[PDB]
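Every chain is numbered from 1 and lettered A, B, ... according to where its sequence line falls, protein lines coming before strand lines.
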Amino acid sequence: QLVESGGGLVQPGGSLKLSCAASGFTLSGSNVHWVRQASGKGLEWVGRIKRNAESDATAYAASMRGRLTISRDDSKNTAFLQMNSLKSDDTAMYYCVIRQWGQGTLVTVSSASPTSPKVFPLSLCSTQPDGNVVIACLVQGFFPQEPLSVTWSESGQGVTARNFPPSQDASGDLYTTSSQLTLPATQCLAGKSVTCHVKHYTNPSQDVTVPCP
Amino acid sequence: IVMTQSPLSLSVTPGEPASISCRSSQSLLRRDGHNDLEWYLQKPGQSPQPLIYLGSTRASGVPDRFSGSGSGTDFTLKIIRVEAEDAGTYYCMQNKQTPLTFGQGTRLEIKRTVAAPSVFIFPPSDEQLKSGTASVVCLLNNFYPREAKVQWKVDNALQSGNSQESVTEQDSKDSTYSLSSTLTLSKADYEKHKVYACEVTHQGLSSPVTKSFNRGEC
């Protein structure tokens with residue numbers, strides 16, 4: 001497993017250093033590649049740091065020439081992607097690849113500050129399904145769109161959490177999505193409450209209470 | 001090196017074979033007999049995972065249903081019996097010479113039986129109404145095909161704006177999709193109208209399904 005970090009909101013003309021930390025294997029004996037992928041687009045190779053045996057050689061791409069530096073810190077078992085004079089068209093998911101791919105980190109080039117989601121409990125007005133409870137949390141107006149993860153205080157057999165991709169709002173840069181929980185009625189009895197735990201970007205998490213019907 | 005994939009989109013009935021073609025602008029053939037050609041599968045949100053390396057060698061923990069073939073310029077990825085977990089975007093990739101280039105990506109979608117969505121409507125919560133915004137949420141669960149039309153209506157008047165939606169990835173087990181549609185209004189607009197409805201039209205529904213509520217009556 002390759003751990004990735006150092007991504008996030010970056011101002012235009014600003015910089016970011018993406019970290020690619022290997023676990024259970026030494027990076028020193030491996031050529032580290034960096035690949036990007038823009039929202040709903042394909043794969044574009046960025047560059048590579050060669051294995052220490054071949055004098056740590058670096059072959060890059062033309063599309064971002066002079067603005068990227070791929071380095072390696074063998075003492076920290078981590079490879080880096082230093083990105084300078086960042087443009088909006090640099091906004092993408094970046095992955096490090098060694099036989100393995102990192103989880104990848106989102107890079108957003110914007111002059112806008114992060115906005116924390118406004119998390120609201122939702123109660124059904126329409127029909128409660130046969131022997132189940134359906135509850136939801138509205139995750140409104142957040143920026144950047146990722147990372148956003150929603151977890152619930154209830155799990156197990158017969159429990160299904162549905163998480164929808166963030167979608168862009170009508171104006172501005174905010175995104176909106178929701179999270180749904182379906183669970184046995186027995187597991188969400190009247191007078192009981194449940195929690196949707198919303199983790200977004202680097203901001204502190206939110207624990208919103210959702211009453212059982 | 002330019003990498004061209006064919007087809008760029010494919011629907012596969014569960015249990016059926018599938019093949020994906022990849023064409024390189026130059027020979028990927030090497031001295032060891034093999035080729036400098038890889039195949040990856042990437043699921044929505046997820047990172048790409050290797051399937052094949054050296055043109056015909058199956059990666060770690062990849063089912064024997066997956067096969068790589070071809071030489072020089074024309075390559076083929078074969079899937080013996082497509083399973084729900086095979087859904088995703090397949091990429092061919094050359095590592096012959098820099099820049100390492102990828103094919104456009106072939107979206108493989110499981111062509112399962114028609115399943116109508118279950119529809120749920122959630123009125124704006126008081127906690128949001130306090131803020132001065134009013135969002136109405138319409139959720140659709142486990143439908144197939146992906147094509148579903150959610151129409152918002154306020155006092156029987158169709159909305160052409162104020163809504164946004166997102167669809168989950170094709171499920172890795174049941175091959176269905178789920179959708180969230182949000183109608184966002186100002187609290188002032190929300191207080192001035194009575195009926196709030198989301199009308200869902202889908203191949204699995206004989207007639208459209210409408211979930212509605214009257215404001216303040218829930």
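Proximity of a side-chain donor or acceptor of B/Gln128 to a complementary backbone N or O of B/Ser135 within less than 3.5 Å is detected. In this structure, B/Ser24 contributes its side chain and B/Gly72 its backbone to a donor-acceptor pair below 3.5 Å. Without hydrogens or angle criteria, B/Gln94 side chain to B/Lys96 main chain gives a donor-acceptor distance under 3.5 Å. Remark: the backbone N or O of B/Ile110 is paired with a side-chain donor or acceptor of B/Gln170 at under 3.5 angstrom. In this structure a side-chain-to-backbone donor-acceptor pair under 3.5 Å is present from A/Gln100 to A/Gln1. Counting only distance, with no hydrogens or angles, the side chain of A/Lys87 and the backbone of A/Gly13 share no donor-acceptor pair below 3.5 Å. B/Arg107 contributes no side-chain N or O that, together with a main-chain N or O of B/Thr89, makes up a donor-acceptor pair within less than 3.5 Å. A donor-acceptor pair under 3.5 Å links the side-chain atoms of A/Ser153 to the main chain of A/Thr195, judged by distance alone. Of the possible polar contacts, none joining the A/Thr115 side chain to the A/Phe143 backbone as a donor-acceptor pair under 3.5 Å is found. A distance-only check finds no donor-acceptor pair linking the side chain of A/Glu44 to the backbone of A/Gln37 [under 3.5 Å].
The shortest non-hydrogen separation linking B/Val114 to B/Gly204 is CG1-CA, 3.4 Å. The two residues B/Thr106 and B/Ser9 make their nearest non-hydrogen contact at CG2-N, 4.2 Å. Among all heavy-atom pairs drawn from A/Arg51 and A/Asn31, the shortest one is N-OD1, 3.0 Å. In plain terms, the two heavy atoms of B/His34 and B/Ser56 that are nearest each other are CD2-OG, 4.2 Å. Nearest heavy-atom pair across A/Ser28 and A/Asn52 is O-OD1, 3.6 Å. Heavy atoms only, all atoms of each residue included: A/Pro12 and A/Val109 are closest at CA-CG1, 3.7 Å.
Using modelled atom types and a 3.5 Å distance limit, the side chains of A/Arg72 and A/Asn77 yield no donor-acceptor pair. No hydrogens or angles considered: a donor-acceptor pair under 3.5 Å links the side chains of A/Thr176 and A/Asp169. Judged by distance alone, the side chains of B/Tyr40 and B/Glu38 do bring a donor and an acceptor atom under 3.5 Å apart. A/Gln145 and A/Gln168 form no side-chain donor-acceptor contact under 3.5 Å, judged by distance and modelled atom types alone. With no hydrogens or angles considered, no side-chain donor-acceptor pair links A/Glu4 and A/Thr105 at under 3.5 Å. Side-chain contact annotation: B/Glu147 with B/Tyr177, donor-acceptor N/O pair under 3.5 Å absent. Side-chain atoms of A/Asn203 and A/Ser116 form a donor-acceptor pair, as typed in the model, at a separation below 3.5 Å. A donor and an acceptor atom, one from each side chain of B/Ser181 and B/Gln164, are nowhere located under 3.5 Å apart. Side-chain contact annotation: B/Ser166 with B/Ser180, donor-acceptor N/O pair under 3.5 Å absent.
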From CA spacing to verdict: side-chain contact (heavy atoms from CB on, under 4.5 Å), A/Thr182, A/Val133
CA-CA 6 Å; A/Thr182 308; A/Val133 152; over 6 Å; no
Start with the C-alpha distance between B/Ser47 and B/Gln42, add both sets of side-chain angles, then the distance that settles side-chain contact (heavy atoms from CB on, under 4.5 Å), and finish with yes or no.
CA-CA 6 Å; B/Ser47 75; B/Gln42 182 183 37; 5.5 Å; no
Output, in order, the C-alpha distance, side-chain angles, deciding distance and verdict of side-chain contact (heavy atoms from CB on, under 4.5 Å) for B/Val136 and B/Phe122.
CA-CA 6 Å; B/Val136 194; B/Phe122 301 84; over 6 Å; no
A/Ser5 vs A/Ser19, side chain to side chain donor-acceptor pair (under 3.5 Å): CA-CA, chis, key distance, verdict:
CA-CA 5 Å; A/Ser5 64; A/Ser19 151; 3.2 Å; yes
Determine, stepwise, if the pair A/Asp90 / A/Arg36 fulfils salt bridge (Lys or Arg N to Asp or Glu O under 4.0 Å).
CA-CA 9 Å; A/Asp90 288 310; A/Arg36 78 176 167 191; 3.2 Å; yes
Steps toward side chain to side chain donor-acceptor pair (under 3.5 Å) verdict (B/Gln26, B/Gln97):
CA-CA 10 Å; B/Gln26 76 148 301; B/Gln97 49 107 112; 3.3 Å; yes
Apply side chain to side chain donor-acceptor pair (under 3.5 Å) to residues A/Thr91 and A/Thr108 and explain how you reach the verdict.
CA-CA 5 Å; A/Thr91 298; A/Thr108 316; 5.4 Å; no
Verdict with supporting geometry, A/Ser179 and A/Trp152, side chain to side chain donor-acceptor pair (under 3.5 Å):
CA-CA 9 Å; A/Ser179 193; A/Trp152 289 84; 3.0 Å; yes
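Taking CE of A/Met83 as the reference point, atom NZ of A/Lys17 lies at 13.5 Å (rounded to 0.5 Å). With rounding to the nearest 0.5 Å, the separation of NZ in B/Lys149 from OG1 in B/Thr201 is 5.5 Å. Going from atom SG of A/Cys20 over to atom CD1 of A/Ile49 covers 11.5 Å, rounded to the nearest 0.5 Å. With rounding to the nearest 0.5 Å, the separation of CG in A/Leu81 from OH in A/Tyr94 is 7.0 Å. Atom CG of B/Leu41 sits about 4.5 Å away from atom OH of B/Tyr90, to the nearest 0.5 Å. Interatomic distance, B/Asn141 CG to B/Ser178 OG, rounded to the nearest 0.5 Å: 4.5 Å.
Using a 4.5 Å cut-off on side-chain heavy atoms (C-beta onward), A/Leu181 and A/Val159 make contact. Counting only heavy atoms from C-beta outward, the side chains of B/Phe213 and A/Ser126 never approach each other to under 4.5 Å. Contact of the B/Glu16 side chain with the B/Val82 side chain is not registered, since no non-hydrogen atoms from C-beta on lie closer than 4.5 Å. Using a 4.5 Å heavy-atom threshold, the side chains of A/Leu183 and A/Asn132 count as separate. You'll find the side chain of B/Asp74 stays beyond 4.5 Å of the side chain of B/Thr76, heavy atoms only. Counting heavy atoms from C-beta outward, B/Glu165 and B/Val150 have side chains that approach closer than 4.5 Å. You'll find the side chain of A/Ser71 reaches within 4.5 Å of the side chain of A/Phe80, heavy atoms only. Looking at heavy atoms from C-beta onward, A/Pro129 lies in side-chain contact with A/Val134 at the 4.5 angstrom threshold.
Both cation-pi conditions hold for A/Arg99 and B/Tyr53: the charged atom is under 6.0 angstrom from the six-membered ring centre and inside a 45 degree cone around its axis.
The environment of NZ in A/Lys199 is sparse: at most 12 heavy-atom neighbours from other residues, nucleotides or ligands sit within 6.0 Å. Shown here is B/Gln203, whose CD atom has no more than 12 heavy atoms of other residues, nucleotides or ligands within 6.0 Å. The number of heavy atoms from other shown groups lying within 6.0 Å of CD (A/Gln82) is above 12.
Note on ring orientation: taking the six-membered ring where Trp is involved, the planes of A/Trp101 and A/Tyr95 are perpendicular (angle over 60°, cut-offs 30° and 60°).
A salt bridge links A/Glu154 with A/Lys192: the closest approach of a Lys/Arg side-chain nitrogen to an acidic carboxylate oxygen falls below 4.0 angstrom. Salt-bridge annotation for B/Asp174 and B/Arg112: absent, with no side-chain N of the basic residue lying under 4.0 Å from a carboxylate O of the acidic one.
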